[PDB]
Amino acid sequence: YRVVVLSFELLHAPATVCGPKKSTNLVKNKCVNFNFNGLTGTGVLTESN
Amino acid sequence: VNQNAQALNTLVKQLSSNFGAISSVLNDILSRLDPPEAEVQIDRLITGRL
Amino acid sequence: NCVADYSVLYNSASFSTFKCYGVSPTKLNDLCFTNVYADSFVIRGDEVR
């Protein structure tokens, strides 16, 4: 039996391996569902200093 | 004032606890797991937070 | 540093075992890891468990 064990690393680090998704445009200053580097969430976004 | 602020701060800090779940972030559990086990993890988080 | 299309594997039905831990088999196309360690070998069937 040929065996492959795929261990996936979820850390607070850049995603070097991602899924076949489709990056979309940016909507600033408006309540939006967001997905940044796998971090999914819901909120409003502003420019920061 | 300090007692009230300490109570509020402790209540906020309790959201970072795992309470036995795989992750303290509810969105992470929802994104990683299908409902059959995501519900168990969410139940652990619900017990702790309640 | 690559795109990971997992539907090819999970929907191939050419494998006997496809168990996952910490990650559902229908959501790895929606996740994204930093380090994926693909472990490839051969093992007896009664030992696959």
# chains A, B, ... in the order shown; residues from 1 in each chain; ligands from 1

$ residues_around --residues "stretch 18-30 of chain C" --least-positions-apart "4" --cutoff "8 Å" --atoms "only C-alpha atoms" --output "PyMOL selection string"
(chain A and resi 18-21) or (chain B and resi 22+31-34) or (chain C and resi 4-7+10)

$ write_last_selection --atoms "N, CA, C and O atoms" --output "mmCIF file, in the first residue's frame"
data_model
loop_
_atom_site.group_PDB
_atom_site.id
_atom_site.type_symbol
_atom_site.label_atom_id
_atom_site.label_comp_id
_atom_site.auth_asym_id
_atom_site.auth_seq_id
_atom_site.Cartn_x
_atom_site.Cartn_y
_atom_site.Cartn_z
ATOM 1 N N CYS A 18 -0.728 27.661 -1.057
ATOM 2 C CA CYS A 18 -2.160 28.012 -0.869
ATOM 3 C C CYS A 18 -3.050 27.217 -1.829
ATOM 4 O O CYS A 18 -2.504 26.512 -2.695
ATOM 5 N N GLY A 19 -4.370 27.338 -1.663
ATOM 6 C CA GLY A 19 -5.353 26.596 -2.477
ATOM 7 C C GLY A 19 -5.657 27.261 -3.807
ATOM 8 O O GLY A 19 -5.207 28.402 -4.024
ATOM 9 N N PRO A 20 -6.427 26.598 -4.699
ATOM 10 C CA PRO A 20 -6.758 27.147 -6.016
ATOM 11 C C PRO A 20 -7.892 28.178 -5.954
ATOM 12 O O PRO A 20 -8.859 28.019 -6.669
ATOM 13 N N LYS A 21 -7.740 29.200 -5.111
ATOM 14 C CA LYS A 21 -8.754 30.237 -4.972
ATOM 15 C C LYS A 21 -8.519 31.358 -5.974
ATOM 16 O O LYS A 21 -7.630 31.264 -6.825
ATOM 17 N N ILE B 22 -9.094 23.128 19.905
ATOM 18 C CA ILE B 22 -7.893 23.182 19.082
ATOM 19 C C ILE B 22 -7.409 24.610 18.874
ATOM 20 O O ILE B 22 -6.203 24.835 18.731
ATOM 21 N N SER B 31 -13.190 27.627 9.703
ATOM 22 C CA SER B 31 -12.538 27.489 8.405
ATOM 23 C C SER B 31 -11.828 26.149 8.259
ATOM 24 O O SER B 31 -11.719 25.629 7.144
ATOM 25 N N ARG B 32 -11.340 25.577 9.359
ATOM 26 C CA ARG B 32 -10.541 24.360 9.276
ATOM 27 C C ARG B 32 -11.383 23.091 9.306
ATOM 28 O O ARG B 32 -11.043 22.113 8.632
ATOM 29 N N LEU B 33 -12.470 23.076 10.070
ATOM 30 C CA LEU B 33 -13.206 21.852 10.343
ATOM 31 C C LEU B 33 -14.595 21.894 9.724
ATOM 32 O O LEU B 33 -15.220 22.953 9.617
ATOM 33 N N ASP B 34 -15.063 20.719 9.315
ATOM 34 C CA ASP B 34 -16.453 20.543 8.937
ATOM 35 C C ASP B 34 -17.331 20.516 10.189
ATOM 36 O O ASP B 34 -16.833 20.298 11.296
ATOM 37 N N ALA C 4 -1.828 24.379 -4.683
ATOM 38 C CA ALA C 4 -2.151 23.024 -4.244
ATOM 39 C C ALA C 4 -3.602 22.710 -4.593
ATOM 40 O O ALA C 4 -4.525 23.110 -3.880
ATOM 41 N N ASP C 5 -3.797 21.980 -5.689
ATOM 42 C CA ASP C 5 -5.114 21.518 -6.111
ATOM 43 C C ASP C 5 -5.365 20.159 -5.467
ATOM 44 O O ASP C 5 -4.807 19.147 -5.904
ATOM 45 N N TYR C 6 -6.203 20.134 -4.433
ATOM 46 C CA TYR C 6 -6.448 18.915 -3.674
ATOM 47 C C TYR C 6 -7.627 18.110 -4.201
ATOM 48 O O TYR C 6 -7.718 16.915 -3.909
ATOM 49 N N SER C 7 -8.522 18.727 -4.974
ATOM 50 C CA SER C 7 -9.649 17.995 -5.537
ATOM 51 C C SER C 7 -9.203 16.841 -6.420
ATOM 52 O O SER C 7 -9.890 15.815 -6.470
ATOM 53 N N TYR C 10 -8.606 13.982 -3.715
ATOM 54 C CA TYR C 10 -9.728 13.525 -2.900
ATOM 55 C C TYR C 10 -10.896 13.054 -3.759
ATOM 56 O O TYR C 10 -11.675 12.192 -3.336
#

$ residues_around --residues "residue C:42" --least-positions-apart "2" --cutoff "7 Å" --atoms "only C-alpha atoms" --output "count of residues only"
3

$ interface_residues --of "chain A" --to "chain B" --cutoff "10 Å" --atoms "only C-alpha atoms" --output "number ranges by chain"
A: 38-42

$ atom_distance --atom1 "atom CA of residue B:20" --atom2 "atom CA of residue A:8"
21.2 Å

$ atom_distance --atom1 "atom CA of residue A:5" --atom2 "atom CA of residue C:37"
7.6 Å

$ select_by_dssp --residues "chain C" --states "strand (DSSP E)" --output "list in words"
residues 2, 3, 32, 33, 36, 37, 38, 39, 40, 41 and 42 of chain C

$ closest_residue --among "B:38, B:18, B:11, B:49" --to "chain C" --atoms "only C-alpha atoms"
B:38

$ closest_atom_pairs --of "chain C" --to "chain A" --cutoff "6 Å" --atoms "only C-alpha atoms" --output "tab-separated table"
residue	atom	partner	partner_atom	distance
C:1	CA	A:16	CA	4.6
C:2	CA	A:17	CA	5.4
C:3	CA	A:18	CA	5.7
C:4	CA	A:19	CA	5.1
C:5	CA	A:20	CA	5.9
C:29	CA	A:19	CA	4.5
C:30	CA	A:19	CA	5.7
C:32	CA	A:18	CA	4.1
C:33	CA	A:9	CA	4.9
C:34	CA	A:15	CA	4.3
C:35	CA	A:9	CA	5.2
C:36	CA	A:8	CA	4.8
C:37	CA	A:7	CA	5.3
C:38	CA	A:6	CA	4.6
C:39	CA	A:5	CA	4.7
C:40	CA	A:4	CA	4.5
C:41	CA	A:3	CA	5.4
C:42	CA	A:2	CA	4.3
C:43	CA	A:1	CA	5.2
C:44	CA	A:1	CA	5.7
C:45	CA	A:1	CA	5.9

$ write_last_selection --atoms "C-alpha atoms" --output "PDB file, in the first residue's frame"
ATOM      1  CA  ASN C   1       5.679  28.334  -3.367  1.00  0.00           C
ATOM      2  CA  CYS C   2       3.046  26.527  -5.421  1.00  0.00           C
ATOM      3  CA  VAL C   3      -0.691  26.082  -5.989  1.00  0.00           C
ATOM      4  CA  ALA C   4      -2.151  23.024  -4.244  1.00  0.00           C
ATOM      5  CA  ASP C   5      -5.114  21.518  -6.111  1.00  0.00           C
ATOM      6  CA  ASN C  29      -8.794  23.940  -1.286  1.00  0.00           C
ATOM      7  CA  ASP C  30      -9.915  26.828   0.980  1.00  0.00           C
ATOM      8  CA  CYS C  32      -3.344  27.607   3.004  1.00  0.00           C
ATOM      9  CA  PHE C  33      -0.244  26.246   4.858  1.00  0.00           C
ATOM     10  CA  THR C  34       3.377  27.529   5.058  1.00  0.00           C
ATOM     11  CA  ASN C  35       5.215  24.139   5.000  1.00  0.00           C
ATOM     12  CA  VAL C  36       3.700  20.929   3.478  1.00  0.00           C
ATOM     13  CA  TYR C  37       5.775  17.765   4.224  1.00  0.00           C
ATOM     14  CA  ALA C  38       4.664  15.108   1.708  1.00  0.00           C
ATOM     15  CA  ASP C  39       5.758  11.784   3.173  1.00  0.00           C
ATOM     16  CA  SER C  40       5.956   9.003   0.550  1.00  0.00           C
ATOM     17  CA  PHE C  41       6.612   5.284   1.213  1.00  0.00           C
ATOM     18  CA  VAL C  42       5.025   1.801   1.000  1.00  0.00           C
ATOM     19  CA  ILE C  43       3.498  -0.181   3.906  1.00  0.00           C
ATOM     20  CA  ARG C  44       1.390  -3.330   4.389  1.00  0.00           C
ATOM     21  CA  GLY C  45      -2.389  -3.045   4.459  1.00  0.00           C
TER      22      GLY C  45
END
